[PDB]
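One structure below.
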There are 2 protein chains.
Amino acid sequence: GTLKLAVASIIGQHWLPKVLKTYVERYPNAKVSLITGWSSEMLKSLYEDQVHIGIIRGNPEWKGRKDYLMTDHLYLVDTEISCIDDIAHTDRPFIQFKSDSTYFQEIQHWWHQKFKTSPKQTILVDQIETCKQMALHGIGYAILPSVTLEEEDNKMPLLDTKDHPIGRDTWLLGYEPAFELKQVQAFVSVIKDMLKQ
Amino acid sequence: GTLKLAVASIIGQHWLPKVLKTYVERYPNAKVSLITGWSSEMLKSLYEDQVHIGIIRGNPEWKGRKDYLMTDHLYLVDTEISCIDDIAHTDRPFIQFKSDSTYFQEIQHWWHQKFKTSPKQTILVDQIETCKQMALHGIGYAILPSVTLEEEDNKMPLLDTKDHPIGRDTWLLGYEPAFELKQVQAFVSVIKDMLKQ
Ligand code: NA
Ligand code: NA
Ligand code: NA
Ligand code: NA
C-alpha cells in the first residue's frame, strides 16, 4: 500500500530521508508519495484527506491521534560573528525566515526581550533552507533550528531571559483510519523504532 | 528601496545566494524580500503584481520583459549505479520529482524513448532538493538539473535519442514599470554581471 506523507519542509529535507531510507530498506517496492511545505499547509492538507500522516511543527490543534516526536533548538549562525551579543551592534544584515507559523514572532519576541530594541528588517525569506544558504554564503546572520545544522562553516544557541534554550516541537498527526492502514503502521514503526537514540 | 523577488526553488537555493551576496556587498542595507516555489507559483505571483521580478524555469509565455539567463542539463545520479543503461533493470527506486511544470513529462518522454519501457512510480516527491537529498542518502536514483549538483557524491548525462544533452532554461521576468526602479535595475545589473562567470 502507498504511503501518503505531508512533512514540514525542513523536516522533509533534513530528518526524513534517514527515516525513509530505513523504511525503504526493510520494505522494498513500497510506494511513498511526499508533499512538503509550511506546517500550516501540511496541516491543512492532512485535514482535507489528501494524506495519511502529517509531520507538523509547533503546537498544532488536532482532534485525531497526535504523537510527540522531537524537539530542537534555535541557533544563530554567522560566518564572522562568534558572540551573540555582537548582533545588537552589527551592521551585518539579518536574514529572517517569515511564514504564517509562530517562528518569526518567537524570534522577534526573544530579540525584543534580549536587546531592548527592534531587529532591522533587511532580508525577508519564505523558507528556512534559503536563509541557511544565504547565511552559509556569508551574506548575513540567520536563526535556524538545529535540525537544519551540521559541521557547516558559527553556531550560537538562543537562550531566553532565564537562560533556557528555545524551543520547538515536531509532532506526527493523523486520523484514526490512517493508523488502521498497514504501511502507515510500518512507517510509524520505523520512526519510533529509529528514534531509539 | 525593497526589491520583491519571486524565484523558482532550486534557483533560490543554488544560484541566487551568489547574486544576493553581491547585491548586498554593493548596496548595503538594501531591503530584499524573497518568495520561492514552483515556477508556476512564482509566475502567478509575478502576474499579480505581488513582486517586481520573477526568476522562472521552463518556457514561460510573458507579455512583458523576458531575459534569458541560462541553461542547465539533466543528470541521473545514484550512489551505486555507474552506467545509465542499467537503470532500466535495477529495481532500486526511482525517486521522482513532480510538479505542475514540464520537468516530469520531459523525463518521462526521455525514459520511454530511451528504454522503450515505463519507469517505476514508487517514490514521488514535490520538491527537487528532497530528491537530491534522498539520492545522496542511497535510497534510490534521481534525475536532477545540474544547477543543483557540485563535485558532490555519481552522475550520468541525460542525452536525447540523437545524443544531445537535455536542458532546462531559466528566465528573468518583469513588467516595464519594475525595470524603471533603481533597485530592480541594480539587481538586474548584478545579475547580468554574474552571468559572465
Ligand atoms: Na506554517
Ligand atoms: Na553569514
Ligand atoms: Na511550475
Ligand atoms: Na525528477
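Quick note on naming: the chains in the C-alpha cells go A, B, ... in the order shown, residues restart at 1 in each chain, and ligands are numbered from 1 in order of appearance.
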Requested in this report: Define the interface residues of chain A facing chain B as those within 6 Å, counting only C-alpha atoms, and report them as number ranges by chain.
Outcome: A: 13, 17, 21, 31-35, 122-126, 130, 134, 139
Query raised in the report: If you run DSSP on the backbone, which residues of segment 69-113 of chain A are strand (DSSP E), as a PyMOL selection string?
Result: chain A and resi 69-77+94-97
Let me see the file: selected residues, N, CA and C atoms, as a compact mmCIF listing (two decimals), in the first residue's frame.
```
# COMPACT_ATOMS: atom_id res chain seq x y z
N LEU A 69 7.17 13.83 18.69
CA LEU A 69 8.27 13.13 18.01
C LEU A 69 9.61 13.65 18.51
N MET A 70 9.75 14.96 18.50
CA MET A 70 11.03 15.52 18.89
C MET A 70 10.99 17.01 19.13
N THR A 71 12.13 17.52 19.56
CA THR A 71 12.26 18.91 19.92
C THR A 71 13.60 19.35 19.42
N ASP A 72 13.69 20.56 18.86
CA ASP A 72 15.01 21.12 18.60
C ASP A 72 15.05 22.57 19.02
N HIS A 73 16.23 23.17 18.82
CA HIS A 73 16.57 24.44 19.43
C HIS A 73 17.17 25.44 18.48
N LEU A 74 16.81 26.70 18.72
CA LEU A 74 17.21 27.78 17.85
C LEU A 74 18.66 28.21 18.07
N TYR A 75 19.36 28.33 16.92
CA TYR A 75 20.75 28.77 16.86
C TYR A 75 20.88 29.95 15.91
N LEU A 76 21.69 30.90 16.33
CA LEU A 76 22.08 32.00 15.49
C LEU A 76 23.35 31.52 14.81
N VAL A 77 23.40 31.74 13.51
CA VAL A 77 24.57 31.36 12.74
C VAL A 77 25.08 32.52 11.95
N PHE A 94 20.57 40.91 8.78
CA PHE A 94 19.79 39.85 9.42
C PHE A 94 18.90 39.14 8.38
N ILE A 95 19.11 37.84 8.19
CA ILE A 95 18.35 37.08 7.21
C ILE A 95 17.23 36.30 7.89
N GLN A 96 16.01 36.80 7.79
CA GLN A 96 14.87 36.29 8.54
C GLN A 96 13.92 35.40 7.75
N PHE A 97 13.67 34.19 8.26
CA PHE A 97 12.56 33.39 7.76
C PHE A 97 11.28 34.00 8.27
```
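Taking only C-alpha atoms and all ligand atoms into account, the protein and nucleic acid residues that come at most 7 Å from ligand 4 are residues 95, 96, 97, 98, 103, 104, 128, 142, 143 and 144 of chain B.
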Store the residues of this selection in a file with C-alpha atoms, as a PDB file, in the first residue's frame.
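Contents of result12.pdb, as written:
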```pdb
ATOM      1  CA  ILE B  95      12.912   8.912  -6.754  1.00  0.00           C
ATOM      2  CA  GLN B  96      10.985  11.160  -8.982  1.00  0.00           C
ATOM      3  CA  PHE B  97      10.246  14.881  -8.687  1.00  0.00           C
ATOM      4  CA  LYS B  98       6.836  16.009  -9.896  1.00  0.00           C
ATOM      5  CA  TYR B 103      10.137  18.594 -15.812  1.00  0.00           C
ATOM      6  CA  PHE B 104       8.354  15.367 -15.061  1.00  0.00           C
ATOM      7  CA  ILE B 128      13.754  18.719  -6.167  1.00  0.00           C
ATOM      8  CA  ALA B 142      17.328  10.756  -9.154  1.00  0.00           C
ATOM      9  CA  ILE B 143      17.205  12.974 -12.191  1.00  0.00           C
ATOM     10  CA  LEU B 144      18.438  16.421 -11.222  1.00  0.00           C
TER      11      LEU B 144
END
```
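Excluding residue 193 of chain A itself and any same-chain residue fewer than 4 positions from it, the protein and nucleic acid residues within 12 Å of it, counting only C-alpha atoms, are residues 19, 22, 23, 69, 185, 186, 187, 188, 189 and 197 of chain A.
Our summary of the geometry notes that atom CA of residue 110 of chain A is positioned 24.4 Å from atom CA of residue 68 of chain A.
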Hey, which bits of chain A sit within 10 Å of ligand 1, and for each residue what's the closest pair of atoms and how far apart in Å (one decimal), counting only C-alpha atoms and all ligand atoms, rows by chain and increasing number, as CSV?
```
residue,atom,partner,partner_atom_place_in_ligand_line,distance
A:8,CA,ligand 1,1 (Na),8.3
A:9,CA,ligand 1,1 (Na),9.8
A:37,CA,ligand 1,1 (Na),7.9
A:38,CA,ligand 1,1 (Na),4.2
A:39,CA,ligand 1,1 (Na),4.0
A:40,CA,ligand 1,1 (Na),3.7
A:41,CA,ligand 1,1 (Na),6.4
A:42,CA,ligand 1,1 (Na),8.1
A:43,CA,ligand 1,1 (Na),8.4
A:44,CA,ligand 1,1 (Na),9.8
A:56,CA,ligand 1,1 (Na),8.6
A:57,CA,ligand 1,1 (Na),7.7
A:58,CA,ligand 1,1 (Na),8.4
A:60,CA,ligand 1,1 (Na),9.8
A:98,CA,ligand 1,1 (Na),9.3
A:99,CA,ligand 1,1 (Na),6.0
A:100,CA,ligand 1,1 (Na),4.9
A:101,CA,ligand 1,1 (Na),4.0
A:102,CA,ligand 1,1 (Na),7.7
A:103,CA,ligand 1,1 (Na),8.5
```
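Taking only C-alpha atoms, the non-local environment of residue 118 of chain A within 10 Å (same-chain residues fewer than 6 positions away omitted) comprises residues 88, 108, 109, 111 and 112 of chain A.
A straight line drawn from atom CA of residue 116 of chain B to atom CA of residue 154 of chain B is 23.9 Å long.
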Query raised in the report: Contacts of residue 178 of chain B at 10 Å or less, counting only C-alpha atoms, minus same-chain residues fewer than 2 places along, as a ChimeraX atom specification?
Result: /B:3-4,49,51-53,65,173-176,180-185
Saved selection, atoms kept: N, CA, C and O atoms, as a CSV table (one decimal), in the first residue's frame:
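Contents of again01.csv, as written:
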```
chain,number,residue,atom,x,y,z
B,3,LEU,N,13.4,45.3,-2.9
B,3,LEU,CA,13.3,44.5,-4.1
B,3,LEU,C,12.4,43.3,-3.7
B,3,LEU,O,12.7,42.5,-2.7
B,4,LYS,N,11.3,43.1,-4.4
B,4,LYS,CA,10.5,42.0,-4.2
B,4,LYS,C,10.7,40.9,-5.3
B,4,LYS,O,10.3,41.2,-6.5
B,49,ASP,N,1.3,41.2,-9.7
B,49,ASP,CA,2.0,42.4,-9.1
B,49,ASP,C,2.4,42.3,-7.7
B,49,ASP,O,2.7,43.3,-7.0
B,51,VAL,N,5.2,40.8,-6.8
B,51,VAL,CA,6.6,41.1,-6.9
B,51,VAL,C,7.0,41.9,-8.0
B,51,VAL,O,6.2,42.2,-8.9
B,52,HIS,N,8.3,42.3,-8.0
B,52,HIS,CA,8.9,43.1,-9.1
B,52,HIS,C,9.4,42.2,-10.2
B,52,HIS,O,9.0,42.4,-11.3
B,53,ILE,N,10.3,41.3,-9.8
B,53,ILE,CA,10.9,40.4,-10.7
B,53,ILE,C,10.6,38.9,-10.3
B,53,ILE,O,10.6,38.5,-9.1
B,65,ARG,N,8.9,42.1,-20.2
B,65,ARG,CA,10.3,41.9,-20.4
B,65,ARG,C,10.6,40.4,-20.0
B,65,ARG,O,10.3,40.0,-18.9
B,173,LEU,N,11.9,37.7,-15.5
B,173,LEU,CA,10.7,38.3,-15.9
B,173,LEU,C,10.2,39.4,-15.1
B,173,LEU,O,10.4,39.4,-13.9
B,174,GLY,N,9.7,40.4,-15.8
B,174,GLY,CA,9.1,41.6,-15.2
B,174,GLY,C,8.2,42.4,-16.2
B,174,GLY,O,8.4,42.1,-17.4
B,175,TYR,N,7.4,43.2,-15.7
B,175,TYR,CA,6.7,44.3,-16.5
B,175,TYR,C,7.5,45.6,-16.4
B,175,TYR,O,8.3,45.7,-15.6
B,176,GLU,N,7.2,46.4,-17.4
B,176,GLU,CA,8.1,47.6,-17.6
B,176,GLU,C,8.3,48.5,-16.4
B,176,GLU,O,9.4,48.9,-16.1
B,180,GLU,N,12.0,50.2,-14.3
B,180,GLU,CA,12.3,51.6,-14.1
B,180,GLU,C,12.8,51.9,-12.6
B,180,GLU,O,13.2,53.0,-12.4
B,181,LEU,N,12.7,50.9,-11.7
B,181,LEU,CA,13.1,51.1,-10.3
B,181,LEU,C,14.6,50.9,-10.0
B,181,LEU,O,15.2,50.0,-10.6
B,182,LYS,N,15.2,51.8,-9.2
B,182,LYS,CA,16.6,51.8,-9.1
B,182,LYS,C,17.1,50.5,-8.5
B,182,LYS,O,18.2,50.0,-8.9
B,183,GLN,N,16.3,49.9,-7.7
B,183,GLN,CA,16.8,48.6,-7.0
B,183,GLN,C,16.6,47.4,-7.9
B,183,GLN,O,17.4,46.5,-7.9
B,184,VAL,N,15.5,47.4,-8.7
B,184,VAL,CA,15.4,46.4,-9.8
B,184,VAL,C,16.5,46.6,-10.8
B,184,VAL,O,17.2,45.6,-11.2
B,185,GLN,N,16.9,47.8,-11.2
B,185,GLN,CA,18.0,48.0,-12.1
B,185,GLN,C,19.3,47.6,-11.6
B,185,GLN,O,20.1,47.0,-12.3
```
Query raised in the report: What does the distance from atom CA of residue 172 of chain B to atom CA of residue 67 of chain B come to in Å, to one decimal?
Result: 5.0 Å
**Report entry** Counting only C-alpha atoms, the option among A:87, A:11, A:46, A:59 closest to residue 156 of chain A
**Finding:** A:87
Requested in this report: Write down as a ChimeraX atom specification the residues of segment 73-159 of chain A whose backbone DSSP state falls under alpha helix (DSSP H).
Outcome: /A:103-115,128-136
Would you export the selected residues with C-alpha atoms as a PDB file, in the first residue's frame, please?
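Once everything was written out, this is out_30.pdb:
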```
ATOM      1  CA  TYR A 103       8.621  31.008  14.276  1.00  0.00           C
ATOM      2  CA  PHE A 104       9.005  34.589  13.222  1.00  0.00           C
ATOM      3  CA  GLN A 105       7.139  36.168  16.163  1.00  0.00           C
ATOM      4  CA  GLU A 106       9.020  33.905  18.596  1.00  0.00           C
ATOM      5  CA  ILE A 107      12.298  35.339  17.358  1.00  0.00           C
ATOM      6  CA  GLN A 108      11.026  38.916  17.324  1.00  0.00           C
ATOM      7  CA  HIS A 109       9.976  38.412  20.986  1.00  0.00           C
ATOM      8  CA  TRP A 110      13.284  36.891  22.080  1.00  0.00           C
ATOM      9  CA  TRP A 111      15.081  39.709  20.384  1.00  0.00           C
ATOM     10  CA  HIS A 112      12.909  42.424  21.913  1.00  0.00           C
ATOM     11  CA  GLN A 113      13.418  40.900  25.349  1.00  0.00           C
ATOM     12  CA  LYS A 114      17.186  40.324  24.877  1.00  0.00           C
ATOM     13  CA  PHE A 115      18.318  43.573  23.297  1.00  0.00           C
ATOM     14  CA  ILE A 128      14.262  28.215   6.050  1.00  0.00           C
ATOM     15  CA  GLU A 129      16.823  26.421   3.880  1.00  0.00           C
ATOM     16  CA  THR A 130      17.187  29.576   1.785  1.00  0.00           C
ATOM     17  CA  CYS A 131      18.043  31.512   4.930  1.00  0.00           C
ATOM     18  CA  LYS A 132      20.578  28.851   5.783  1.00  0.00           C
ATOM     19  CA  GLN A 133      22.253  29.006   2.334  1.00  0.00           C
ATOM     20  CA  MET A 134      22.364  32.790   2.415  1.00  0.00           C
ATOM     21  CA  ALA A 135      23.961  32.590   5.852  1.00  0.00           C
ATOM     22  CA  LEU A 136      26.467  29.931   4.643  1.00  0.00           C
TER      23      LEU A 136
END
```
